[PDB]
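For reference, the structure discussed in these notes is given below.
What follows is calculated from the coordinates using simple rules that are stated; it is not laboratory data. For neighbour counting, all protein chains shown are included, and Cβ atoms are generated from backbone atoms with ideal geometry for every residue, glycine included.
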Amino acid sequence: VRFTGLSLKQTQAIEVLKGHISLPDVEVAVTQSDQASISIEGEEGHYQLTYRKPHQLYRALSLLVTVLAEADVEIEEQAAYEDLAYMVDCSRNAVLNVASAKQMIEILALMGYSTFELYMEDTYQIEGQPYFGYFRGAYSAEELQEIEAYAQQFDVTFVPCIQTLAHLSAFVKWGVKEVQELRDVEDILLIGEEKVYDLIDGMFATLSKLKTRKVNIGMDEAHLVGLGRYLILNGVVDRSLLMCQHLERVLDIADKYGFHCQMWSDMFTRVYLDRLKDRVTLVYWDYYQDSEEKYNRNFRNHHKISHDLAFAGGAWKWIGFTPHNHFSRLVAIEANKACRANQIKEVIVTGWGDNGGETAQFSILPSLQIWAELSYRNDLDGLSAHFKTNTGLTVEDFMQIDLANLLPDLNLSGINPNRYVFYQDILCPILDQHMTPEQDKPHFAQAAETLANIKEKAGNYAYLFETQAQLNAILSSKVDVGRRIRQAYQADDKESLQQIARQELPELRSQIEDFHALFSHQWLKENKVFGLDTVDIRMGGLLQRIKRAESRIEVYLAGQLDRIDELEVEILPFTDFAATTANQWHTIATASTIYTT
Amino acid sequence: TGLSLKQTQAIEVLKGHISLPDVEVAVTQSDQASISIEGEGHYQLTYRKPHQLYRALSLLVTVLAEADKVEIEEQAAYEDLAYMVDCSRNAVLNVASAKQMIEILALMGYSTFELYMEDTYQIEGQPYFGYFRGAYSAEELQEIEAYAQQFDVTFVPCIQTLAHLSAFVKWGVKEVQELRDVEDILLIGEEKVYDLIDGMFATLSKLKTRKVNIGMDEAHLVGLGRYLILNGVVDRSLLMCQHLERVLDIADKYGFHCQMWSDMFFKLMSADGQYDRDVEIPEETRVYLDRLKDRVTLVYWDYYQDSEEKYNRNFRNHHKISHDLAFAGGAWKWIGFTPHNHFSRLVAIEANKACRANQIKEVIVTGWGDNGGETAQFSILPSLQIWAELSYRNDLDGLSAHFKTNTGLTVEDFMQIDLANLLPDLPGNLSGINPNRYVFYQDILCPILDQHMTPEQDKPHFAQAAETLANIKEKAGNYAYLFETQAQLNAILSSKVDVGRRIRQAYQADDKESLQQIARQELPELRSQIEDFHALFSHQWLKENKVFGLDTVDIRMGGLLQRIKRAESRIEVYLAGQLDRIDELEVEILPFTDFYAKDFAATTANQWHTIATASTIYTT
Ligand SMILES: CC1=N[C@@H]2[C@@H](O)[C@H](O)[C@@H](CO)O[C@@H]2S1
Ligand SMILES: CC1=N[C@@H]2[C@@H](O)[C@H](O)[C@@H](CO)O[C@@H]2S1
């Protein structure tokens, strides 16, 4: 490959990208042109390539390397969105380690994204605030800089997303006057407390070390704001006016460092509210609605409050171990259309990691590529081709990663058997009324097999599929094991009961142990160590609870127990097709109390 | 002579504890004394109330183990003495264990046995209320009352009609969620809630007892949740009373006479939301209270004060509201695996003085089970005997002798069960200090309670405690299981208490020798000890309690063990040059809390999830 008209930065950028795409031996004249977002015209080895914004160069490289795998080229793209971002969750225990950010950045550049974002509640370090990020693998000064300089190498912008009021639970739990006197109630900060605004200066001082001056201050919906220690200290007061007062301060502080802020639309007296509108850009986030009409309605409502407005679509990796690229696809197609129709200039793909961040960071590349293709092409013609160029796997192959979520009974958001079938108890299976083993067992077994095959097309992403394979395997047996223990018990089939206890549940422990190793592997590749411990604890307990099932059945079989109380209890519906959406661990694993004091 | 079939059937069953000699007594109730025994091998025994017979037996048996001429007269200070077992923090006392408790309470002189049930009794038509919690059936409750009444002990259920219903409210189904204000609190002024509260008293109406504790403690965001969104801002002490009136009228349809915890009055009417305050009763409340104070007993609860004065000042604040007042004292069994009978003794002495000085009619001794009910149900009998002693004699002269009668152990000995909490440099007057628990559940790689350990003094204390308990185990009788559990525990705590520091110190100094030994030898020894302890703990649990709830502790230790395996693995991988640094080991450890920041390093830390991990286990 000999490209003309390129720079030194572009060349070093393209050297790293060589580790992803295989460039052909061709003459290529690269030049910046406003003509279109991306353009390529050529034949017989010589091809002229153009881009408006420099980061489009790297997607153009992916488009070229693709076409020239077959044909000897007429390509033109007119991008819909001025900005296209992906936002990694780094506050739910999964802290994306620095080597994984780079890879991420690399992939994103080839994809067409202009922006990279990290969501960091307490998970960046702040001078003179030792409890903030304490043992949570918080990013340091230099770490955030390294990551941003790397995004700079591809002309991709970095944007930290933080929280200036609520969603700081990991921080506020620490019982020291320094932390506790910053608190309103639950996860929220004490509004009006000068010490709280000291910390908010802290937040910005640290972020000002960066080159970016774009930030998401957060300021999401926190229902008890003003209602806890605020009430004791100050009496009943107008909660809308309390919120504004706070937002006014935070924005003044940002302006001190010259930050231009964004915040979640959730919060949005009126003269207070119309004044602070001008200073900020609201993000309407929606990961659920399945129609263009429902989005167009919501856009219309946010346009009544403000037109300075970005959209936050979603790549579903916040429901346990297994993402949902299939659902993501469905909502992106519909959101893009509504974003387009409503002149939305900015789109943020969010990859939250609710309840422990157990889904792999890279599991959502399809969803990312989908949004990229929607933006530049307005359709999914080049999706798989460009995707296989970018990852070395077909997008249909890659999306089978979802399988542990794809029960046939099921399109609609967040049915997550991947997680609730895995952490459910054995002796006390409270999700049992939501299994159809007639349908679920053979589905899970087939997935294991499929995923096993795909592990082998998967390259340096194989670790993802190896984990899902092992998972699905566990679920095909585990989905009804407890039900089978009940049916055996209720028929006094001690023979079968023995088989399960003596042979089946220890296998399950091995399989689960096996799962833990692969998961631990996945985690340390992708993330810092910190947070993993939560997972240790949770499967430790699952495993020990498997030992209980074994021990309780043996004492019975040995005549040392008259009944077995657990199995006597009649299982109710866990919540209100049979499946459902249960995504809190402590509540899947037991009906006992584990958080109450 | 003088006895009945009931009483003679009761004294028969008490032979399982009290070793009766070959003599002969003559029984007669009399308003003369609480108890009187007089005679020189033929004796005249009396009681004011029928249950006091059974403490008079413990007495007769004790005094006639060294002498033959006896002359006793006891004049008890409280119309009623009660013990309340927490059956809502995962440990549901099983029926055979309840029978046992009742017997002992009867010997000790207790008038009243109580079960604290947030949701741990079955209501017809609330299938989720008690679901997988081991909630008592109708049969079971009837069986426990009937047995309490075999000895003439009043049974008094303790329930919740406002807050502390987490277990119940957990369930994401419409018929439950519709009942909810915020966190663990029910929605005042919603009728589905009053429908539920109707059934609570109905389910209880099957019993002979028409005496109830309705709860209403610790509902701090009451009125500030889904209530706020539908009703807006309302005076909260008014709202509490509104709710109170509703619930008493409901109790009245079945003829119950109610008690409630007193804290919320003060919290809602104080200026910094505190319990220990003289308060300004808003006028719309005063009027409301005036009515309702005639129909409900407020129970002042306090476990923490080393002085009669401080209790006194609190009683006097309650006199603003009402003079229909009971006291609640503490048998400390809610701070992990290990009770605190020493401390319980120390504060009972003060609270007795203050209760008498405030002419208190009833004392309730309470055995809460904060955060999983891991402490053993029978671990606090000394404290029960101590309260019994301070009620009937107003001193502790009989305590050792009577306790040895009733249990087969010397109270001095039984009280060593505390040893996991009694660090030497602790002054005896501070509540809640619970290394027993947090030294156990602290992570290896990330010991976040570490600036609170003093190995120099902690390792030996645990070591010599394991030996001490071991011996006491050997003499404890049918209570050996309690001390078998405590011994193994200290065995574990002796090494666990600084293993995280040591790992850390070697790694920072590059002592690969010591990383090696710990990972290969110490840690798997630790795991093995913990596996035993778990088996010992389960034995204890399944002796005292129903199976349900044990699963929370399975989960917790299972998780501890796995965290030990990590420490093994991560170190093995470092030693082999696969990793360039154990990042865990490079975090400068901070103080966990400055609650007791004070010349000792120990502290109070009684939440499993924040002990075991600085990560989120709980939030989204
Ligand atoms: C703003 C938003 N705040 C919430 C996030 O904390 C969650 O991670 C996400 C997925 O549950 O849903 C909303 S989006
Ligand atoms: C009534 C009371 N409500 C609380 C209980 O739930 C706790 O278990 C106990 C011990 O912490 O303290 C108070 S007393």
Revision key, fill the gap. A correct Karplus calculation of ³J(HN,Hα) over segment A:398-406, with 6.51 cos²θ - 1.76 cosθ + 1.60, θ = phi - 60°, whole Hz and x for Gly and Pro, returns 4, 6, 5, 3, 5, 2, 5, 9, 9
Point to revise | Cα radius of gyration and Dmax for segment B:549-620 (Å) | key: 15.9, 44
Revision key, fill the gap. Any residue on another chain or 5+ positions along whose placed amide H is under 5 Å from the amide H of B:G2 is listed here as B:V27
Check your understanding: Dipole of the protein assembly as shown (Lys/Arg Cβ +1, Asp/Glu Cβ -1, origin at the Cα centre): which of A:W264, A:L475, B:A167 lies farthest to the positive side?
Key -> A:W264
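Considering every residue in A:101-110, what mean count of other chain Cβ atoms within 10 Å of its Cβ is obtained? The partial results should precede the final answer.
Working: counts 0, 0, 0, 0, 0, 0, 0, 0, 0, 0.
The mean count of partner-chain Cβ atoms within 10 Å per residue comes to 0.
Using a 10 Å cut-off around each Cβ, can you sort A:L497, B:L60, B:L449 from fewest to most neighbouring Cβ atoms?
Ordered by Cβ neighbours within 10 Å, fewest first: A:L497, B:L60, B:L449.
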Exercise for review: Compare the peptides A:176-185, A:236-245 by average per-residue count of other Cβ atoms within 10 angstrom and give them in order, highest first.
Suggested key: A:176-185, A:236-245
**Study point:** the protein assembly as shown - mean residue ellipticity at 222 nm from DSSP helices (-39,500 (n - 2.57) per run, n ≥ 4, rounded to 500)
**Key:** -14000 deg cm²/dmol
Practice item. Over 32 Å between C-alpha atoms is what I'm after, so list which of A:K457/B:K170; B:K475/B:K598; A:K102/B:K170; A:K195/B:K333; B:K170/B:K496; A:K214/A:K337 land there. Key: A:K457/B:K170; B:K475/B:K598; A:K102/B:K170; A:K195/B:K333; B:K170/B:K496
Point to revise | Under 18 Å from B:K69, Cα to Cα: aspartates and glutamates that are on another chain or at least 8 residues apart | key: B:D22, B:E24, B:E38, B:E40
Review point. Under a point-charge model restricted to the Cβ atoms of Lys and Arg (+1) and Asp and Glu (-1), what is the dipole moment magnitude of segment A:381-597 relative to its Cα centre, in debye to the nearest 20?
Key: 500 debye
Exercise for review: Name the residue farthest towards the positive end of the dipole of chain B from the options B:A33, B:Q9, B:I360, assuming +1 on Cβ of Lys and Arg, -1 on Cβ of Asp and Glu, about the Cα centre.
Suggested key: B:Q9
Review point. Nearest 20 debye, what's the magnitude of the dipole of segment B:227-339 about its Cα centre given +1 on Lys and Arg Cβ and -1 on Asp and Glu Cβ?
Key: 240 debye
Exercise for review: Could you work out the relative contact order of segment B:459-596, using alpha carbon pairs under 8 angstrom and six or more residues apart, expressed as a whole percent?
Suggested key: 23 percent
Study note, to complete from the structure: Given backbone amide H placed at 1.01 Å from N, residues whose amide H is under 5 Å from that of B:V299, ignoring those fewer than 5 places away on the same chain, are B:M260, B:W261, B:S262, B:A326
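If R0 is 41 Å, what FRET efficiency do you get for B:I281 and B:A138 from their C-beta distance, rounded to 0.05? It would help to have the intermediate numbers written out before the result.
Working: r = 41 Å, r/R0 = 0.99.
Using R0 = 41 Å, I get an efficiency of 0.50.
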Study note, to complete from the structure: The correct pair for segment B:31-99, radius of gyration to one decimal and Dmax as a whole number, both in Å and from Cα atoms, is 16.3, 50
Check your understanding: Applying the Karplus parametrisation 6.51 cos²θ - 1.76 cosθ + 1.60 with θ = phi - 60° to the phi angles of segment A:51-57, what ³J(HN,Hα) value in whole Hz is obtained for each residue in order, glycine and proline being reported as x?
Key -> 9, 7, 9, x, 5, 5, 3
Point to revise | Under 13 Å, Cβ to Cβ, from B:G255 - net charge with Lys/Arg +1 and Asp/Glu -1 | key: +4
Exercise for review: Evaluate the charge dipole of chain B about its Cα centre and quote only its size in Debye, nearest 20, assuming +1 on the Cβ of each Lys and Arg and -1 on the Cβ of each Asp and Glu.
Suggested key: 640 debye
Check your understanding: Across bins of 20 angstrom width beginning at 0, how are the C-alpha pair distances of the protein assembly as shown distributed, in whole percent?
Key -> 10, 37, 35, 14, 4, 1, 0
Point to revise | Whole-number D in µm² s⁻¹ for segment B:164-299, Kirkwood Cα-pair radius fed into Stokes-Einstein, 20 °C, 1.002 mPa s | key: 137 µm²/s
Revision key, fill the gap. Cβ-Cβ cut-off under 15 Å around B:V296, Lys and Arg +1, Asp and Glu -1: the net charge is -2
Revision key, fill the gap. Computed on Cα atoms, the radius of gyration and Dmax of segment A:400-499 in angstrom are 15.0, 50
Point to revise | Rg over Rh, two decimals, segment A:48-156 (C-alpha only, Kirkwood Rh) | key: 1.11
Study note, to complete from the structure: For chain B, the Cα convex hull volume per residue in Å³ comes to 160 Å³
Revision key, fill the gap. HN-Hα couplings for segment A:94-111 via Karplus (6.51, -1.76, 1.60; θ = phi - 60°), in whole Hz with x for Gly/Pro, come out as 8, 9, 3, 6, 5, 4, 7, 4, 4, 3, 3, 3, 3, 4, 4, 5, 3, 6
Exercise for review: Determine, from the Cβ-Cβ distance of B:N471 and A:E495 and an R0 of 41 Å, the FRET efficiency 1/(1 + (r/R0)^6), rounded to the nearest 0.05.
Suggested key: 0.30
Point to revise | For segment B:76-396, the spread of Cα positions along each principal axis, largest first, Å | key: 55, 44, 36
Check your understanding: Out of residues 5 or more away from B:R180 or on other chains, whose amide H comes under 5 Å of its own, with H placed 1.01 Å from N in the peptide plane?
Key -> B:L187
Point to revise | Kirkwood hydrodynamic radius (C-alpha pairs) into Stokes-Einstein, segment A:109-173, 20 °C and 1.002 mPa s, D in µm²/s | key: 165 µm²/s
Review point. Counting only other chains, what is the mean number of Cβ atoms within 10 angstrom of the Cβ of each residue in peptide B:519-527?
Key: 0
Check your understanding: Once you list every other residue whose beta carbon is under 13 Å from the beta carbon of B:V499, what net charge do they have if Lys and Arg are +1 and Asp and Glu are -1?
Key -> 0
Revision key, fill the gap. As a Kirkwood estimate from alpha-carbon pairs, segment B:75-217 has a hydrodynamic radius in angstrom of 15.8 Å
Review point. Just the Cα atoms of segment A:310-400, one point each, no solvent: what log10 I(q)/I(0) does Debye give at q = 0.22 Å⁻¹?
Key: -1.08
Review point. Along the Cα-to-Cβ line of A:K211, 7 Å from the Cα, sits a label point; which residues in segment A:124-153 have backbone N less than 19 Å from it?
Key: A:140-153
Revision key, fill the gap. Over segment B:397-620, the quotient of the Cα radius of gyration and 2.2 N^0.38 Å is 1.10
